Amino acid sequence: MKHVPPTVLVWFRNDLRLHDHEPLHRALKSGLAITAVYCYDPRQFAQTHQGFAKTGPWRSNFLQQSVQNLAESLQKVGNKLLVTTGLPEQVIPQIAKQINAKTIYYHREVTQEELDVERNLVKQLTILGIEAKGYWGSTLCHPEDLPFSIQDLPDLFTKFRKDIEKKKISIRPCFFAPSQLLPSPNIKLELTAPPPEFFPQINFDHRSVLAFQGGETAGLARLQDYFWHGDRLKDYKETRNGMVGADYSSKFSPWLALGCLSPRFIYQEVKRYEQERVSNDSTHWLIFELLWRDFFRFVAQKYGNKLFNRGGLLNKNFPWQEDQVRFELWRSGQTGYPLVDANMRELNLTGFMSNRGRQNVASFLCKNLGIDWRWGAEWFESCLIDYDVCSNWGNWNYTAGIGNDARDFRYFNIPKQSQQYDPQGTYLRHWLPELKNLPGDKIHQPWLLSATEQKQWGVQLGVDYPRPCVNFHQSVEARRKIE
Ligand SMILES: Cc1cc2nc3c(=O)[nH]c(=O)nc-3n(C[C@@H](O)[C@H](O)[C@@H](O)COP(=O)(O)OP(=O)(O)OC[C@H]3O[C@@H](n4cnc5c(N)ncnc54)[C@H](O)[C@@H]3O)c2cc1C
C-alpha cells in the first residue's frame, strides 16, 4: 500500500567488495536509491559427481565471512546487504518486482553453471520489464580491450602474454568505493537466512600458512601487509615456489576468487610499489601470475564445457583408472611419498596448498597413479579455500596433458622436486609429525631407510608411515606407454 519509488538493484556473486566494482558504480550514477542483494545458491552446496561437497568447509566459512564483511561495509555507507537463500534466477526477480527495481547491475561469469543462472535470471527480469546490465570485471584485462576475440584466443599462454603486452593494452583504472549509498525506504521482504549446515564448524590448524579471514577488509589488509608493511613483494620471484609460511607468496587467491580483491586494484598497488620502493623481476612476475589467471578465464570462456570433459580442451581420450582405494591414498595423503602426503594433508586441514605443491600432487595423480584426473579436480573444487572454476579446471587440464599440446609427455619428478623445493625438509617435518624424528634427507624418500634406521628413529614403514604406493619410475613409464 505504501509508495515504492523506482530503485536499482546490485546483485552480488563472486564480487564481494565495494572497491573497483563497475556494477555498483553504474548503479550509484543512476541517481536512484540502491538495493544490494546476495543470494546463497543451494546448488553450490550439493555435491560433485564423486560425492564431495561442492563447497567444502574451508571455503563455505570463508564465503560466509566475505558476505558478512560486505554487509558490514554497506551498513557503513548507510545502506545494507539483503542476504537470502534460494535459486537466484527465482529470488532476485521476486525481490526486484517487490522493490520496484528498474535495473539490475551485476558481473558476468563465463562457465556453464554460472552462465545458466544469470541467463535465466535475466529472462525473468525481461518478463517483468526490468532491465539487466552485466559487466566484465573479474579479469585484469578487459575482454573488450584484448587484441583478439575470445574465439581467437591464442592457445599458448606465452603468445597470449606477448600479444597483450606487445600491444600496450592498458589496464582500466579502478572505480572508487562509494562513501555513501542512498537506500530505498524500508520494505518488508521475505528473506531466508542460509541454513547453518552450509557452514560446518571448522577446526583451525595453526600450521596453516594463514588464518584466512573472508572479506574485502581482510583482503585489503593482507595486501597491505604483504606489499607495504612486510615489503616482501620485491622478493616474490625468489620465494614464490616455497611451501612453508604465509609470506612466500601473496596468498591473495581466496580473496581474488570471491572478488574481495579486484585484480586491477592489485595491479594498481604493484605499480605504486614499483614507483615508491622498487621495480624488478619480482614486481613484474606477480603481474605475470595475474595474467595466467586471466588466461584460464578466457580459455574457459572459449572452450566451454570441454573444460570438464574426460578428454579436456584437446578432446584427447586417454584411458584412466577408477581405483577408489588408490585415490583415497592420494586424497588422504597416505601415498608414501612425503612431498605428496604433506601437501595433501595441508589441503585437507587448511583448504590451501602452494602452487608448487598443487603442480606435484596433480601430476602424481595423473601420471603416477593414472587415475581419472577429474576425481582430483573435484576434490580440489570441494576442498580449496580459493577455488576458482576456471583456474582449477584449467590447471588440471594442463597437468593431465589434455589442455596444453606441447608435443611431449610431461611429468613432475616428485622425489626430485621434494629435495629441490624443500632442501632442509622443513615443509615435510611441518606437516608430517611422524617423520619429525628423521634427521636426514631420507625424509624425502623414507623407503630408503634401513631396518636399523626405521627402528632407531621410530619410523616403521607400513605402521608409522606408509610404504610407497607405486614404483615411481615404473609408474611414469607405464602411464607414458599410453600412446
Ligand atoms: C592442479 C592445480 C589446481 C589449481 N587450482 C586453483 C584454484 O582453484 N583457484 C586459484 O585461484 N588458483 C589455482 N591454481 C593456481 C594456484 O597455484 C593458486 O593460484 C595458488 O597457488 C595461489 O596462491 P597465491 O595467491 O599465494 O599465489 P601468487 O603466487 O601470490 O600469485 C598471485 C595470484 O595470481 C594467480 N595465479 C598464480 N598462479 C596461477 C596459476 N597457475 N593459474 C591461475 N592463476 C594463478 C592467483 O589468483 C593468485 O592469487 C591451481 C594450480 C594447479 C597446478
# chains A, B, ... in the order shown; residues from 1 in each chain; ligands from 1
call {"tool": "residues_around", "arguments": {"residues": "residue 236 (chain A)", "least_positions_apart": "2", "cutoff": "12 Å", "atoms": "only C-alpha atoms", "output": "list in words"}}
result
residues 226, 227, 230, 231, 232, 233, 234, 238, 239, 240, 241, 242, 247, 248, 249, 250, 251, 270, 279, 280, 281, 282, 283, 284, 285, 286, 287, 288 and 289 of chain A
call {"tool": "write_last_selection", "arguments": {"atoms": "N, CA and C atoms", "output": "PDB file, in the first residue's frame"}}
result
ATOM      1  N   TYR A 226      51.506  -7.801   2.948  1.00  0.00           N
ATOM      2  CA  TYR A 226      52.450  -8.411   2.020  1.00  0.00           C
ATOM      3  C   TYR A 226      53.243  -7.386   1.207  1.00  0.00           C
ATOM      4  N   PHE A 227      52.560  -6.362   0.709  1.00  0.00           N
ATOM      5  CA  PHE A 227      53.200  -5.329  -0.096  1.00  0.00           C
ATOM      6  C   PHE A 227      53.957  -4.284   0.714  1.00  0.00           C
ATOM      7  N   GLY A 230      55.105  -5.526   5.264  1.00  0.00           N
ATOM      8  CA  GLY A 230      56.170  -6.509   5.189  1.00  0.00           C
ATOM      9  C   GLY A 230      57.190  -6.250   4.098  1.00  0.00           C
ATOM     10  N   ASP A 231      56.815  -5.446   3.107  1.00  0.00           N
ATOM     11  CA  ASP A 231      57.703  -5.111   1.997  1.00  0.00           C
ATOM     12  C   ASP A 231      58.367  -6.361   1.409  1.00  0.00           C
ATOM     13  N   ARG A 232      57.564  -7.378   1.106  1.00  0.00           N
ATOM     14  CA  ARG A 232      58.114  -8.613   0.553  1.00  0.00           C
ATOM     15  C   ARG A 232      57.848  -8.858  -0.922  1.00  0.00           C
ATOM     16  N   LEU A 233      57.086  -7.973  -1.555  1.00  0.00           N
ATOM     17  CA  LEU A 233      56.792  -8.130  -2.972  1.00  0.00           C
ATOM     18  C   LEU A 233      58.087  -8.137  -3.773  1.00  0.00           C
ATOM     19  N   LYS A 234      59.053  -7.334  -3.334  1.00  0.00           N
ATOM     20  CA  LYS A 234      60.345  -7.234  -4.009  1.00  0.00           C
ATOM     21  C   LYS A 234      61.041  -8.585  -4.137  1.00  0.00           C
ATOM     22  N   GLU A 238      61.760 -14.859  -5.998  1.00  0.00           N
ATOM     23  CA  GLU A 238      62.645 -15.792  -5.304  1.00  0.00           C
ATOM     24  C   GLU A 238      61.938 -16.726  -4.325  1.00  0.00           C
ATOM     25  N   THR A 239      60.815 -16.285  -3.767  1.00  0.00           N
ATOM     26  CA  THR A 239      60.099 -17.098  -2.786  1.00  0.00           C
ATOM     27  C   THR A 239      58.829 -17.794  -3.271  1.00  0.00           C
ATOM     28  N   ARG A 240      58.348 -17.439  -4.461  1.00  0.00           N
ATOM     29  CA  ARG A 240      57.091 -17.995  -4.965  1.00  0.00           C
ATOM     30  C   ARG A 240      56.937 -19.512  -5.053  1.00  0.00           C
ATOM     31  N   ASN A 241      58.043 -20.251  -5.074  1.00  0.00           N
ATOM     32  CA  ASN A 241      57.954 -21.709  -5.137  1.00  0.00           C
ATOM     33  C   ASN A 241      58.090 -22.343  -3.765  1.00  0.00           C
ATOM     34  N   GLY A 242      57.959 -21.515  -2.732  1.00  0.00           N
ATOM     35  CA  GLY A 242      58.056 -22.001  -1.370  1.00  0.00           C
ATOM     36  C   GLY A 242      56.777 -22.719  -0.980  1.00  0.00           C
ATOM     37  N   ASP A 247      54.237 -15.803   3.988  1.00  0.00           N
ATOM     38  CA  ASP A 247      54.860 -14.861   3.074  1.00  0.00           C
ATOM     39  C   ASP A 247      55.700 -15.273   1.865  1.00  0.00           C
ATOM     40  N   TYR A 248      55.711 -16.554   1.493  1.00  0.00           N
ATOM     41  CA  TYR A 248      56.489 -16.931   0.315  1.00  0.00           C
ATOM     42  C   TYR A 248      55.745 -16.481  -0.951  1.00  0.00           C
ATOM     43  N   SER A 249      54.463 -16.152  -0.798  1.00  0.00           N
ATOM     44  CA  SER A 249      53.643 -15.665  -1.912  1.00  0.00           C
ATOM     45  C   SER A 249      52.567 -14.736  -1.355  1.00  0.00           C
ATOM     46  N   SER A 250      51.785 -14.110  -2.229  1.00  0.00           N
ATOM     47  CA  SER A 250      50.771 -13.165  -1.773  1.00  0.00           C
ATOM     48  C   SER A 250      49.633 -13.752  -0.949  1.00  0.00           C
ATOM     49  N   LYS A 251      49.190 -14.955  -1.307  1.00  0.00           N
ATOM     50  CA  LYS A 251      48.066 -15.607  -0.635  1.00  0.00           C
ATOM     51  C   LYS A 251      46.782 -14.830  -0.946  1.00  0.00           C
ATOM     52  N   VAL A 270      50.714  -2.680  -7.275  1.00  0.00           N
ATOM     53  CA  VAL A 270      52.016  -3.161  -7.717  1.00  0.00           C
ATOM     54  C   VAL A 270      52.749  -1.992  -8.377  1.00  0.00           C
ATOM     55  N   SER A 279      61.319  -1.619  -8.566  1.00  0.00           N
ATOM     56  CA  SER A 279      60.758  -2.267  -9.741  1.00  0.00           C
ATOM     57  C   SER A 279      61.777  -3.293 -10.217  1.00  0.00           C
ATOM     58  N   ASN A 280      61.429  -4.572 -10.113  1.00  0.00           N
ATOM     59  CA  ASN A 280      62.327  -5.641 -10.532  1.00  0.00           C
ATOM     60  C   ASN A 280      61.555  -6.839 -11.069  1.00  0.00           C
ATOM     61  N   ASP A 281      62.248  -7.952 -11.288  1.00  0.00           N
ATOM     62  CA  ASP A 281      61.592  -9.145 -11.813  1.00  0.00           C
ATOM     63  C   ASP A 281      60.442  -9.614 -10.923  1.00  0.00           C
ATOM     64  N   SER A 282      60.585  -9.455  -9.609  1.00  0.00           N
ATOM     65  CA  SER A 282      59.534  -9.879  -8.685  1.00  0.00           C
ATOM     66  C   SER A 282      58.237  -9.104  -8.876  1.00  0.00           C
ATOM     67  N   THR A 283      58.329  -7.775  -8.944  1.00  0.00           N
ATOM     68  CA  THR A 283      57.142  -6.943  -9.129  1.00  0.00           C
ATOM     69  C   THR A 283      56.452  -7.253 -10.455  1.00  0.00           C
ATOM     70  N   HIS A 284      57.246  -7.566 -11.474  1.00  0.00           N
ATOM     71  CA  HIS A 284      56.701  -7.885 -12.786  1.00  0.00           C
ATOM     72  C   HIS A 284      56.128  -9.301 -12.797  1.00  0.00           C
ATOM     73  N   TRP A 285      56.782 -10.209 -12.082  1.00  0.00           N
ATOM     74  CA  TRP A 285      56.341 -11.595 -12.043  1.00  0.00           C
ATOM     75  C   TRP A 285      54.963 -11.779 -11.407  1.00  0.00           C
ATOM     76  N   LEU A 286      54.639 -10.985 -10.392  1.00  0.00           N
ATOM     77  CA  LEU A 286      53.330 -11.129  -9.772  1.00  0.00           C
ATOM     78  C   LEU A 286      52.267 -10.797 -10.812  1.00  0.00           C
ATOM     79  N   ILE A 287      52.563  -9.827 -11.671  1.00  0.00           N
ATOM     80  CA  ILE A 287      51.618  -9.448 -12.708  1.00  0.00           C
ATOM     81  C   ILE A 287      51.458 -10.608 -13.694  1.00  0.00           C
ATOM     82  N   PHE A 288      52.553 -11.318 -13.961  1.00  0.00           N
ATOM     83  CA  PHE A 288      52.517 -12.462 -14.868  1.00  0.00           C
ATOM     84  C   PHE A 288      51.553 -13.517 -14.351  1.00  0.00           C
ATOM     85  N   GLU A 289      51.540 -13.705 -13.036  1.00  0.00           N
ATOM     86  CA  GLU A 289      50.657 -14.695 -12.435  1.00  0.00           C
ATOM     87  C   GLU A 289      49.199 -14.272 -12.564  1.00  0.00           C
TER      88      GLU A 289
END
call {"tool": "residues_around", "arguments": {"residues": "residue 119 (chain A)", "least_positions_apart": "2", "cutoff": "12 Å", "atoms": "only C-alpha atoms", "output": "VMD selection string"}}
result
chain A and resid 88 to 90 106 108 to 117 121 to 126 132 to 134
call {"tool": "write_last_selection", "arguments": {"atoms": "N, CA and C atoms", "output": "PDB file, in the first residue's frame"}}
result
ATOM      1  N   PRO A  88      18.841 -17.930  -7.376  1.00  0.00           N
ATOM      2  CA  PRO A  88      18.907 -16.509  -7.718  1.00  0.00           C
ATOM      3  C   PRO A  88      17.986 -16.080  -8.855  1.00  0.00           C
ATOM      4  N   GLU A  89      17.909 -16.899  -9.907  1.00  0.00           N
ATOM      5  CA  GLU A  89      17.060 -16.588 -11.060  1.00  0.00           C
ATOM      6  C   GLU A  89      15.594 -16.519 -10.654  1.00  0.00           C
ATOM      7  N   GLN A  90      15.298 -17.050  -9.476  1.00  0.00           N
ATOM      8  CA  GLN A  90      13.944 -17.057  -8.947  1.00  0.00           C
ATOM      9  C   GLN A  90      13.791 -15.944  -7.905  1.00  0.00           C
ATOM     10  N   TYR A 106      25.112  -6.248 -12.436  1.00  0.00           N
ATOM     11  CA  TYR A 106      25.850  -7.416 -11.959  1.00  0.00           C
ATOM     12  C   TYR A 106      27.082  -7.711 -12.805  1.00  0.00           C
ATOM     13  N   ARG A 108      29.357 -10.413 -14.993  1.00  0.00           N
ATOM     14  CA  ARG A 108      29.171 -11.590 -15.833  1.00  0.00           C
ATOM     15  C   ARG A 108      30.212 -12.666 -15.548  1.00  0.00           C
ATOM     16  N   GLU A 109      29.795 -13.923 -15.654  1.00  0.00           N
ATOM     17  CA  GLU A 109      30.674 -15.069 -15.444  1.00  0.00           C
ATOM     18  C   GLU A 109      30.839 -15.752 -16.799  1.00  0.00           C
ATOM     19  N   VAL A 110      31.653 -16.799 -16.870  1.00  0.00           N
ATOM     20  CA  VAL A 110      31.886 -17.454 -18.152  1.00  0.00           C
ATOM     21  C   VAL A 110      31.638 -18.956 -18.217  1.00  0.00           C
ATOM     22  N   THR A 111      31.429 -19.601 -17.070  1.00  0.00           N
ATOM     23  CA  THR A 111      31.195 -21.045 -17.053  1.00  0.00           C
ATOM     24  C   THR A 111      29.718 -21.438 -16.988  1.00  0.00           C
ATOM     25  N   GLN A 112      29.420 -22.617 -17.530  1.00  0.00           N
ATOM     26  CA  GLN A 112      28.062 -23.155 -17.611  1.00  0.00           C
ATOM     27  C   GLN A 112      27.122 -22.927 -16.429  1.00  0.00           C
ATOM     28  N   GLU A 113      27.484 -23.427 -15.255  1.00  0.00           N
ATOM     29  CA  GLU A 113      26.632 -23.274 -14.078  1.00  0.00           C
ATOM     30  C   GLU A 113      26.287 -21.808 -13.811  1.00  0.00           C
ATOM     31  N   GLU A 114      27.311 -20.965 -13.773  1.00  0.00           N
ATOM     32  CA  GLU A 114      27.133 -19.539 -13.522  1.00  0.00           C
ATOM     33  C   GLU A 114      26.396 -18.831 -14.663  1.00  0.00           C
ATOM     34  N   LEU A 115      26.649 -19.275 -15.888  1.00  0.00           N
ATOM     35  CA  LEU A 115      26.027 -18.675 -17.060  1.00  0.00           C
ATOM     36  C   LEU A 115      24.523 -18.941 -17.078  1.00  0.00           C
ATOM     37  N   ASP A 116      24.133 -20.162 -16.736  1.00  0.00           N
ATOM     38  CA  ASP A 116      22.719 -20.514 -16.726  1.00  0.00           C
ATOM     39  C   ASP A 116      21.945 -19.698 -15.701  1.00  0.00           C
ATOM     40  N   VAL A 117      22.571 -19.440 -14.559  1.00  0.00           N
ATOM     41  CA  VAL A 117      21.926 -18.660 -13.515  1.00  0.00           C
ATOM     42  C   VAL A 117      21.616 -17.248 -14.002  1.00  0.00           C
ATOM     43  N   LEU A 121      17.984 -15.690 -14.959  1.00  0.00           N
ATOM     44  CA  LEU A 121      17.624 -14.546 -14.127  1.00  0.00           C
ATOM     45  C   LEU A 121      17.187 -13.389 -15.028  1.00  0.00           C
ATOM     46  N   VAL A 122      17.984 -13.102 -16.052  1.00  0.00           N
ATOM     47  CA  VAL A 122      17.675 -12.022 -16.988  1.00  0.00           C
ATOM     48  C   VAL A 122      16.360 -12.285 -17.726  1.00  0.00           C
ATOM     49  N   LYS A 123      16.099 -13.547 -18.053  1.00  0.00           N
ATOM     50  CA  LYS A 123      14.854 -13.898 -18.725  1.00  0.00           C
ATOM     51  C   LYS A 123      13.658 -13.505 -17.847  1.00  0.00           C
ATOM     52  N   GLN A 124      13.759 -13.749 -16.539  1.00  0.00           N
ATOM     53  CA  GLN A 124      12.665 -13.397 -15.633  1.00  0.00           C
ATOM     54  C   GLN A 124      12.531 -11.883 -15.511  1.00  0.00           C
ATOM     55  N   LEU A 125      13.663 -11.191 -15.521  1.00  0.00           N
ATOM     56  CA  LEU A 125      13.661  -9.736 -15.432  1.00  0.00           C
ATOM     57  C   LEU A 125      12.981  -9.161 -16.677  1.00  0.00           C
ATOM     58  N   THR A 126      13.333  -9.708 -17.834  1.00  0.00           N
ATOM     59  CA  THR A 126      12.766  -9.248 -19.095  1.00  0.00           C
ATOM     60  C   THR A 126      11.242  -9.387 -19.099  1.00  0.00           C
ATOM     61  N   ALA A 132      18.522  -5.335 -17.339  1.00  0.00           N
ATOM     62  CA  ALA A 132      19.658  -6.031 -16.740  1.00  0.00           C
ATOM     63  C   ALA A 132      20.944  -5.557 -17.409  1.00  0.00           C
ATOM     64  N   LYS A 133      21.893  -5.082 -16.610  1.00  0.00           N
ATOM     65  CA  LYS A 133      23.170  -4.604 -17.137  1.00  0.00           C
ATOM     66  C   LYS A 133      24.325  -5.401 -16.542  1.00  0.00           C
ATOM     67  N   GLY A 134      24.984  -6.185 -17.388  1.00  0.00           N
ATOM     68  CA  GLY A 134      26.094  -7.008 -16.939  1.00  0.00           C
ATOM     69  C   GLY A 134      27.439  -6.441 -17.341  1.00  0.00           C
TER      70      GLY A 134
END
call {"tool": "select_by_dssp", "arguments": {"residues": "region 182-279 of chain A", "states": "alpha helix (DSSP H)", "output": "ChimeraX atom specification"}}
result
/A:216-223,236-239,253-257,263-276
call {"tool": "residues_around", "arguments": {"residues": "region 81-86 of chain A", "least_positions_apart": "3", "cutoff": "12 Å", "atoms": "only C-alpha atoms", "output": "ChimeraX atom specification"}}
result
/A:9-13,16-18,34-45,64,66-78,89-96,99,117,181,183,186-196,198
call {"tool": "write_last_selection", "arguments": {"atoms": "C-alpha atoms", "output": "PDB file, in the first residue's frame"}}
result
ATOM      1  CA  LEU A   9      19.418  -3.436  -7.623  1.00  0.00           C
ATOM      2  CA  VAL A  10      23.000  -4.630  -7.423  1.00  0.00           C
ATOM      3  CA  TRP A  11      23.237  -8.426  -7.452  1.00  0.00           C
ATOM      4  CA  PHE A  12      26.408  -9.881  -5.903  1.00  0.00           C
ATOM      5  CA  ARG A  13      28.021 -13.288  -6.513  1.00  0.00           C
ATOM      6  CA  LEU A  16      32.166  -9.250  -2.710  1.00  0.00           C
ATOM      7  CA  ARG A  17      33.687  -5.784  -2.459  1.00  0.00           C
ATOM      8  CA  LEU A  18      32.794  -2.112  -2.709  1.00  0.00           C
ATOM      9  CA  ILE A  34      20.173   1.352  -4.369  1.00  0.00           C
ATOM     10  CA  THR A  35      19.306  -2.102  -3.045  1.00  0.00           C
ATOM     11  CA  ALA A  36      22.087  -4.703  -2.722  1.00  0.00           C
ATOM     12  CA  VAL A  37      21.462  -8.450  -2.627  1.00  0.00           C
ATOM     13  CA  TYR A  38      23.405 -11.665  -2.155  1.00  0.00           C
ATOM     14  CA  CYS A  39      21.557 -14.975  -2.531  1.00  0.00           C
ATOM     15  CA  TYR A  40      23.121 -18.206  -1.265  1.00  0.00           C
ATOM     16  CA  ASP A  41      22.530 -20.764  -4.029  1.00  0.00           C
ATOM     17  CA  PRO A  42      21.729 -24.251  -2.635  1.00  0.00           C
ATOM     18  CA  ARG A  43      23.118 -25.861  -5.781  1.00  0.00           C
ATOM     19  CA  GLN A  44      26.601 -24.710  -4.786  1.00  0.00           C
ATOM     20  CA  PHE A  45      26.223 -26.660  -1.552  1.00  0.00           C
ATOM     21  CA  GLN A  64      30.159 -16.595   4.901  1.00  0.00           C
ATOM     22  CA  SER A  66      33.097 -12.492   2.973  1.00  0.00           C
ATOM     23  CA  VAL A  67      29.329 -11.975   2.690  1.00  0.00           C
ATOM     24  CA  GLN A  68      29.218 -10.769   6.306  1.00  0.00           C
ATOM     25  CA  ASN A  69      32.017  -8.259   5.672  1.00  0.00           C
ATOM     26  CA  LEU A  70      30.166  -6.951   2.600  1.00  0.00           C
ATOM     27  CA  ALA A  71      27.027  -6.491   4.699  1.00  0.00           C
ATOM     28  CA  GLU A  72      29.126  -4.500   7.181  1.00  0.00           C
ATOM     29  CA  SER A  73      30.734  -2.330   4.506  1.00  0.00           C
ATOM     30  CA  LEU A  74      27.300  -1.496   3.087  1.00  0.00           C
ATOM     31  CA  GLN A  75      25.869  -0.690   6.517  1.00  0.00           C
ATOM     32  CA  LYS A  76      28.849   1.638   6.943  1.00  0.00           C
ATOM     33  CA  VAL A  77      27.848   3.660   3.861  1.00  0.00           C
ATOM     34  CA  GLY A  78      24.245   3.982   5.036  1.00  0.00           C
ATOM     35  CA  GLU A  89      17.060 -16.588 -11.060  1.00  0.00           C
ATOM     36  CA  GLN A  90      13.944 -17.057  -8.947  1.00  0.00           C
ATOM     37  CA  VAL A  91      14.684 -14.961  -5.851  1.00  0.00           C
ATOM     38  CA  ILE A  92      16.313 -11.881  -7.372  1.00  0.00           C
ATOM     39  CA  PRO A  93      13.437 -11.204  -9.808  1.00  0.00           C
ATOM     40  CA  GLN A  94      10.957 -11.639  -6.946  1.00  0.00           C
ATOM     41  CA  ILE A  95      12.809  -9.070  -4.872  1.00  0.00           C
ATOM     42  CA  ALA A  96      13.181  -6.775  -7.896  1.00  0.00           C
ATOM     43  CA  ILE A  99      11.173  -3.156  -4.530  1.00  0.00           C
ATOM     44  CA  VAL A 117      21.926 -18.660 -13.515  1.00  0.00           C
ATOM     45  CA  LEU A 181      24.767   4.800  -0.938  1.00  0.00           C
ATOM     46  CA  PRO A 183      18.913   3.173   0.472  1.00  0.00           C
ATOM     47  CA  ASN A 186      12.123   0.195   4.248  1.00  0.00           C
ATOM     48  CA  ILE A 187      10.153  -2.562   2.536  1.00  0.00           C
ATOM     49  CA  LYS A 188       9.063  -5.864   4.046  1.00  0.00           C
ATOM     50  CA  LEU A 189      10.654  -8.697   2.094  1.00  0.00           C
ATOM     51  CA  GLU A 190      10.707 -12.386   2.934  1.00  0.00           C
ATOM     52  CA  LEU A 191      14.394 -13.191   3.300  1.00  0.00           C
ATOM     53  CA  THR A 192      15.661 -16.657   4.214  1.00  0.00           C
ATOM     54  CA  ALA A 193      18.922 -16.802   6.162  1.00  0.00           C
ATOM     55  CA  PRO A 194      21.173 -19.553   4.790  1.00  0.00           C
ATOM     56  CA  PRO A 195      20.920 -22.907   6.620  1.00  0.00           C
ATOM     57  CA  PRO A 196      23.620 -23.454   9.266  1.00  0.00           C
ATOM     58  CA  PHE A 198      26.013 -24.865   4.714  1.00  0.00           C
TER      59      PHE A 198
END
call {"tool": "residues_near_ligand", "arguments": {"ligand": "ligand 1", "cutoff": "6 Å", "atoms": "only C-alpha atoms and all ligand atoms", "output": "list in words"}}
result
residues 240, 249, 250, 251, 252, 253, 256, 257, 286, 289, 290, 292, 293, 354, 355, 358, 359, 362, 386, 387, 388, 391, 392, 395 and 396 of chain A
call {"tool": "write_last_selection", "arguments": {"atoms": "N, CA, C and O atoms", "output": "compact mmCIF listing (two decimals), in the first residue's frame"}}
result
# COMPACT_ATOMS: atom_id res chain seq x y z
N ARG A 240 58.35 -17.44 -4.46
CA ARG A 240 57.09 -18.00 -4.96
C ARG A 240 56.94 -19.51 -5.05
O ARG A 240 55.81 -20.01 -5.10
N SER A 249 54.46 -16.15 -0.80
CA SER A 249 53.64 -15.66 -1.91
C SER A 249 52.57 -14.74 -1.35
O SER A 249 52.44 -14.59 -0.14
N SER A 250 51.78 -14.11 -2.23
CA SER A 250 50.77 -13.16 -1.77
C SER A 250 49.63 -13.75 -0.95
O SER A 250 49.17 -13.12 -0.01
N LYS A 251 49.19 -14.96 -1.31
CA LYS A 251 48.07 -15.61 -0.63
C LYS A 251 46.78 -14.83 -0.95
O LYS A 251 45.79 -14.91 -0.22
N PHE A 252 46.81 -14.08 -2.05
CA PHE A 252 45.65 -13.30 -2.48
C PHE A 252 44.53 -14.16 -3.06
O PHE A 252 43.37 -13.72 -3.10
N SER A 253 44.87 -15.36 -3.51
CA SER A 253 43.90 -16.25 -4.17
C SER A 253 42.46 -16.38 -3.66
O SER A 253 41.51 -16.23 -4.44
N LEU A 256 40.77 -13.10 -4.29
CA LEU A 256 40.57 -12.85 -5.72
C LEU A 256 39.43 -13.74 -6.24
O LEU A 256 38.63 -13.32 -7.07
N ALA A 257 39.35 -14.97 -5.73
CA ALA A 257 38.32 -15.91 -6.16
C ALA A 257 36.88 -15.45 -5.87
O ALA A 257 35.97 -15.70 -6.68
N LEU A 286 54.64 -10.98 -10.39
CA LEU A 286 53.33 -11.13 -9.77
C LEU A 286 52.27 -10.80 -10.81
O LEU A 286 51.20 -11.41 -10.84
N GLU A 289 51.54 -13.71 -13.04
CA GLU A 289 50.66 -14.69 -12.43
C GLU A 289 49.20 -14.27 -12.56
O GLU A 289 48.33 -15.12 -12.76
N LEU A 290 48.93 -12.97 -12.46
CA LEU A 290 47.57 -12.48 -12.61
C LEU A 290 47.13 -12.71 -14.05
O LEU A 290 45.96 -12.94 -14.33
N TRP A 292 48.08 -15.27 -15.90
CA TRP A 292 47.76 -16.69 -16.02
C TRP A 292 46.31 -16.86 -15.60
O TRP A 292 45.56 -17.66 -16.18
N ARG A 293 45.91 -16.11 -14.58
CA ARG A 293 44.54 -16.15 -14.08
C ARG A 293 43.58 -15.71 -15.19
O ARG A 293 42.56 -16.36 -15.45
N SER A 354 50.27 -24.75 -1.71
CA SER A 354 51.12 -23.89 -2.53
C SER A 354 50.99 -24.29 -3.99
O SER A 354 50.59 -25.41 -4.31
N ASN A 355 51.36 -23.38 -4.89
CA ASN A 355 51.30 -23.67 -6.31
C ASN A 355 52.27 -24.80 -6.65
O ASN A 355 51.95 -25.69 -7.43
N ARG A 358 50.60 -27.96 -5.61
CA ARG A 358 49.49 -28.33 -6.48
C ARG A 358 49.97 -28.98 -7.77
O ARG A 358 49.40 -29.96 -8.23
N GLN A 359 51.04 -28.43 -8.34
CA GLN A 359 51.60 -28.99 -9.57
C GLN A 359 52.08 -30.43 -9.35
O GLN A 359 51.87 -31.30 -10.20
N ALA A 362 49.00 -32.99 -8.42
CA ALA A 362 48.17 -33.20 -9.61
C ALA A 362 48.88 -34.14 -10.57
O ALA A 362 48.27 -35.03 -11.15
N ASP A 386 40.38 -21.29 -2.01
CA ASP A 386 40.47 -20.31 -3.09
C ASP A 386 39.99 -20.83 -4.44
O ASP A 386 40.41 -20.33 -5.50
N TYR A 387 39.11 -21.83 -4.41
CA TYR A 387 38.61 -22.42 -5.64
C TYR A 387 38.09 -21.40 -6.65
O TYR A 387 37.28 -20.54 -6.33
N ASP A 388 38.59 -21.51 -7.88
CA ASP A 388 38.16 -20.64 -8.97
C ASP A 388 37.92 -21.68 -10.05
O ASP A 388 38.84 -22.40 -10.44
N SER A 391 40.53 -21.34 -13.06
CA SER A 391 41.92 -21.65 -12.76
C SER A 391 42.13 -23.10 -12.34
O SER A 391 43.11 -23.72 -12.72
N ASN A 392 41.21 -23.65 -11.56
CA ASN A 392 41.34 -25.03 -11.10
C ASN A 392 41.22 -26.02 -12.25
O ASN A 392 42.12 -26.81 -12.50
N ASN A 395 44.07 -25.50 -14.88
CA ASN A 395 45.35 -26.05 -14.45
C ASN A 395 45.34 -27.58 -14.44
O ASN A 395 46.34 -28.22 -14.77
N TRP A 396 44.22 -28.18 -14.05
CA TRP A 396 44.15 -29.64 -14.05
C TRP A 396 44.24 -30.17 -15.48
O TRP A 396 44.87 -31.19 -15.73
call {"tool": "closest_residue", "arguments": {"among": "A:375, A:472, A:398, A:228", "to": "residue 416 (chain A)", "atoms": "only C-alpha atoms"}}
result
A:472
call {"tool": "residues_around", "arguments": {"residues": "residue 378 (chain A)", "least_positions_apart": "5", "cutoff": "9 Å", "atoms": "only C-alpha atoms", "output": "JSON, numbers by chain"}}
result
{"A": [48, 49, 50, 51, 52, 54, 373, 383, 393]}
call {"tool": "residues_around", "arguments": {"residues": "region 302-315 of chain A", "least_positions_apart": "6", "cutoff": "9 Å", "atoms": "only C-alpha atoms", "output": "VMD selection string"}}
result
chain A and resid 110 to 112 150 to 153 372 to 374 390 393 to 394 397 to 398 400 to 405
call {"tool": "select_by_dssp", "arguments": {"residues": "region 20-111 of chain A", "states": "strand (DSSP E)", "output": "list in words"}}
result
residues 33, 34, 35, 36, 37, 38, 39, 40, 81, 82, 83, 84, 85, 101, 102, 103, 104, 105, 106 and 107 of chain A
call {"tool": "atom_distance", "arguments": {"atom1": "CA of residue 442 (chain A)", "atom2": "CA of residue 415 (chain A)"}}
result
10.4 Å
